[PDB]
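Heads up, the thing below is written out as structure tokens.
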Amino acid sequence: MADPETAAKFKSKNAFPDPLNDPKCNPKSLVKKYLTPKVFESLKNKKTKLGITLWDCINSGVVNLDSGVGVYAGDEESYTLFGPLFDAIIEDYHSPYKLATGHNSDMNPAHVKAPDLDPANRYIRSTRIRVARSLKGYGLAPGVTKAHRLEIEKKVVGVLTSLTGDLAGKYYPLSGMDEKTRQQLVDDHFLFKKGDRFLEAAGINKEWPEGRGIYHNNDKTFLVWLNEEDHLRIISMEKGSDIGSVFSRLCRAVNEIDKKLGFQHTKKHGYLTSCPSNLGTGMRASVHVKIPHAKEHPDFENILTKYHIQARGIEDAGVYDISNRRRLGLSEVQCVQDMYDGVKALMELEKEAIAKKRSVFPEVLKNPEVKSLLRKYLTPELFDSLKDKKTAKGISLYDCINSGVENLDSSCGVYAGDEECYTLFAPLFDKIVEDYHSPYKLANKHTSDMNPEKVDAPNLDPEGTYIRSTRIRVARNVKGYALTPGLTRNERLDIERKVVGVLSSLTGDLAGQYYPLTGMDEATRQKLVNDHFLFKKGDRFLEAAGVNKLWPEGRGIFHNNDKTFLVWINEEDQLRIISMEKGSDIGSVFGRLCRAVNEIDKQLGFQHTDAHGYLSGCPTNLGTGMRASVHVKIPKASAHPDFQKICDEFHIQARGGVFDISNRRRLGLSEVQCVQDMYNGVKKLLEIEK
Ligand SMILES: NC(=[NH2+])NCCC[C@H](N)C(=O)O
């Protein structure tokens with residue numbers, strides 16, 4: 001809706017912008033509201049030291065009649081020299097703030113008291129704090145000279161590239177940027193392009209793109225936009241709820257630039273920005289939180305009003321963007337504290353509602369047509385006796401059974417959040433384990449054996465006539481942490497870091513590289529699809545169990561150069577380790593698998609008990625956590641009346657005229673014994689197709 005032509009005719013005559021009376025103009029426009037003919041004539045001949053006029057400031061609002069505010073400050077002096085205009089605009093926008101009152105700034109993180117609100121990521125999805133800042137000694141963005149914009153870049157980059165620790169990173173200037181860098185920054189949502197029709201008419205687009213640039217730390221949790229709408233747009237953000245950490249990281253960086261360079265700042269306005277809407281703190285603090293039940297709640301609006309925050313909706317059903325509505329009259333510390341307390345109060349509403357509905361027996365389980373293992377063993381008696389206990393990591397019975405409740409068509413419907421779940425909720429888990437893993441009894445206990453030399457497997461089909469492929473997978477979880485459904489944000493990131501650290505140290509047969517899912521370009525994605533190495537987000541069963549939290553943060557893929565060794569990280573289990581080969585050499589596949597699994601084990605360790613073997617969030621993956629597969633062509637021995645008599649002696653099953661043959665048992669036998677059985681069974685099947 002930009003009409004630059006019409007405005008230019010009024011600007012060149014230094015005449016009152018008549019378009020501000022054209023019915024299409026925004027009724028709520030502040031420049032329309034407060035730029036009266038008497039204001040205009042009183043100021044139309046005034047100019048700042050930098051040459052900024054009244055028309056320069058108001059121009060964007062006349063070009064873009066749909067403007068909410070409609071004015072931009074060319075410099076600091078513009079706020080005072082055109083005071084009769086800016087004051088009325090500021091006190092309208094920032095109501096009930098009064099310029100006479102004064103503003104107080106506070107960038108000391110220690111003043112904020114904010115223990116991590118939602119480490120388990122049950123409700124809060126992401127946290128983001130933005131500040132706008134302008135350097136001492138220069139004009140603001142609409143009025144900065146060509147040389148000054150460059151000098152600002154030079155000084156800012158000098159400070160930013162000296163940043164240490166988690167703030168260390170790289171600067172990417174827009175001028176000279178190549179296509180690969182441009183795409184990387186687009187994929188990370190870090191890029192900004194030429195200003196819209198609002199920045200254009202404000203004169204902010206001058207000399208594009210000279211002096212513009214992007215800085216970001218290696219973690220990609222800190223972002224700086226240089227010379228966009230203001231000199232500095234500084235952003236601290238991350239998934240999860242730790243706003244205390246976010247504000248701490250922001251202030252460490254901001255105060256460093258402050259001490260070395262200095263910001264434009266007054267008592268009246270706080271920190272000076274191009275648009276008056278960004279005065280004071282220059283801050284936008286935001287949190288994304290799934291809060292469906294609290295919205296319905298009668299005290300919802302009162303909490304927002306109390307803490308001066310607002311809620312806007314944006315997969316993300318029930319998810320709201322909570323953010324501050326004030327920038328003047330409160331400090332940065334105060335803005336974050338209201339933000340913290342406000343979210344906390346909102347989260348407590350959502351928690352109360354969920355607690356109430358989780359207080360009673362899942363009535364939906366009373367339907368006789370629900371044939372899940374959950375319904376079979378979860379009597380109201382058992383439910384009542386367990387419903388109020390929680391593990392050391394905050395896992396409850398309802399957390400464990402939630403997927404089976406939400407998904408009535410589950411076969412099992414029960415997941416474990418941590419190791420303690422298998423003991424604390426043993427009345428439920430024991431019966432489910434022994435049912436699915438029948439005839440195994442927990443008292444028998446389980447023996448793990450990852451010694452490949454204890455397997456006697458001379459190659460069956462070296463010709464490659466019958467057995468096309470052989471594949472052995474094991475599911476594993478890293479010791480010292482919760483299981484996948486109960487992982488906190490920092491646990492999942494720790495698991496990725498340490499596992500990646502181990503896999504990179506692998507040599508010989510197992511040397512390879514790691515592809516994280518976060519920030520993966522389309523080229524890598526495609527070539528992983530070709531090899532069938534790429535995994536996607538979990539289904540509705542895993543979603544309801546809490547497995548898909550913060551996707552895809554902390555998820556990644558590793559494979560060796562020979563395409564014979566694959567590791568999925570933080571998918572369904574923390575570690576899904578697969579050995580693959582062409583042909584029939586099971587002993588070679590298992591040997592390679594053992595070499596890698598044993599090394600990861602020594603350096604990191606696995607979650608393991610005598611009664612369950614290796615622990616998984618999914619009770620189906622206990623014991624060996626192993627699926628051994630043989631893709632074999634058997635048209636004839638599939639018919640010999642000794643198929644059952646062999647497929648049952650060696651506990652194997654057949655599907656897939658090529659047939660996939662897999663082990664049926666995971667619990668009660670060792671990995672060695674399981675592999676040996678698959679061998680012994682396929683051998684006799686091959687002693688019939690021979
Ligand atoms: N590969 C392993 N991490 N094995 C662990 C064996 C001991 C285990 N902590 C248990 O008592 O059951």
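Side chains are part of it too, since the values below use all heavy atoms of this structure and drop only hydrogens, waters and symmetry mates. In this chain, residues are counted from 1 in sequence order.
For the pair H216 and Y172, the minimum side-chain heavy-atom distance is below 4.5 Å. Two residues are said to be in side-chain contact when any heavy atoms from C-beta on lie closer than 4.5 Å; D118 and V289 fail this criterion. Side-chain contact between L226 and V157 is present, with heavy atoms from C-beta onward closer than 4.5 Å. Annotation: side chain of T391 is in contact with side chain of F425 (closest heavy-atom distance under 4.5 Å). Residues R489 and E553 form a side-chain contact, since some pair of their non-hydrogen atoms from C-beta on lies under 4.5 Å apart. Contact annotation: the side chain of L373 approaches that of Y436 to within less than 4.5 Å [non-hydrogen atoms, C-beta and beyond]. Here the side chains of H446 and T624 are in contact, with some heavy-atom distance below 4.5 Å.
With hydrogens and angles ignored, the 3.5 Å screen pairs a side-chain donor or acceptor of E671 with a backbone N or O of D449. No donor-acceptor pair under 3.5 Å is formed between the side chain of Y422 and the backbone N or O of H612. Side-chain atoms of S504 come within 3.5 Å of backbone N or O of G501 as a donor-acceptor pair. Put simply, the side chain of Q574 gets close to the backbone of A482: a donor and an acceptor are under 3.5 Å apart. Between the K549 side chain and the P485 main chain, a donor and an acceptor come within less than 3.5 Å of each other. Listed for the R182 side chain is no donor-acceptor partner under 3.5 Å among the backbone atoms of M177. With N663 contributing its side chain and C674 its backbone, the two residues share no donor-acceptor pair below 3.5 Å. At least one donor-acceptor pair closer than 3.5 Å links the side chain of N402 to the backbone N or O of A544.
Sorted by first and then second residue, the ring-ring contact (aromatic ring centres under 6.0 Å, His included) pairs involving residues 534-561 (not counting sequence neighbours) are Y515-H559, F533-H559, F535-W551, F535-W568. The side-chain hydrogen bond (donor to acceptor under 3.5 Å, both in side chains) pairs that include a residue from residues 455-471 are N459-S584, where partners are two or more places apart or lie in different chains.
Of the inter-residue distances, the one linking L460 atom CG with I586 atom CD1 reads 6.0 Å to the nearest 0.5 angstrom. The distance from atom CG of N561 to atom CD of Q513, rounded to the nearest 0.5 Å, is 6.0 Å. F590 contributes atom CZ, which lies 10.0 Å from atom OG of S579 (distance to the nearest 0.5 angstrom). To the nearest 0.5 angstrom, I557 atom CD1 is 7.0 Å from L566 atom CG. From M237, atom CE reaches atom CZ of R249 across 7.5 Å, with rounding to the nearest 0.5 Å. Once rounded to the nearest 0.5 Å, the distance linking CG of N548 with CD of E572 reads 9.5 Å.
Every residue two or more places apart in sequence or in another chain was checked for a salt bridge (charged side-chain N to carboxylate O under 4.0 Å, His left out) with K582, and none qualifies. Under the rule for a ring-ring contact (aromatic ring centres under 6.0 Å, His included), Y679 has no partner lying at least two apart in sequence or in another chain. With sequence neighbours excluded, the residues that form a side chain to side chain contact (heavy atoms under 4.5 Å, CB included) with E599 are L506, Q603. Residues satisfying the salt bridge (charged side-chain N to carboxylate O under 4.0 Å, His left out) criterion with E496, sequence neighbours excluded, are absent altogether. Shown here are the side chain to side chain contact (heavy atoms under 4.5 Å, CB included) partners of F606, two or more places apart in sequence or in another chain: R476, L575, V597, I600, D601, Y614. Annotation: salt bridge (charged side-chain N to carboxylate O under 4.0 Å, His left out) contacts of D521 (sequence neighbours excluded): none. Residues passing the side chain to side chain contact (heavy atoms under 4.5 Å, CB included) test with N530 are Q526, sequence neighbours excluded. Partners of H288 under the ring-ring contact (aromatic ring centres under 6.0 Å, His included) rule, at least two apart in sequence or in another chain, do not exist in this structure. Checked against ring-ring contact (aromatic ring centres under 6.0 Å, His included), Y481 has no partners two or more places apart in sequence or in another chain.
Side chains of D677 and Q673: a donor-acceptor N/O pair is absent below 3.5 angstrom, by distance only. Inspection of the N407 and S410 side chains reveals no N or O donor paired with an N or O acceptor under 3.5 Å.
Each of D573, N621, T484 was compared with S616 under the side-chain hydrogen bond (donor to acceptor under 3.5 Å, both in side chains) criterion, and only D573 meets it. A side chain to side chain contact (heavy atoms under 4.5 Å, CB included) with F222 holds for exactly one of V246, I234, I235, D166; it is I234.
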Extract all donor-acceptor atom pairs below 3.5 Å that involve side chains of residues 681-690 and protein atoms in other chains or at least two apart in sequence.
| from | atom 1 | to | atom 2 | distance (Å) |
| --- | --- | --- | --- | --- |
| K683 | NZ | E687 | OE2 | 2.4 |
| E689 | OE2 | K636 | N | 2.6 |

Worksheet item: Does the pair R555 and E571 meet the rule for a salt bridge (charged side-chain N to carboxylate O under 4.0 Å, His left out), with working shown?
Response: CA-CA 7 Å; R555 284 77 173 192; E571 192 247 305; over 6 Å; no
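Residue-environment remark: NZ (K193) stays at or below the threshold of 12 foreign heavy atoms within 6.0 Å.
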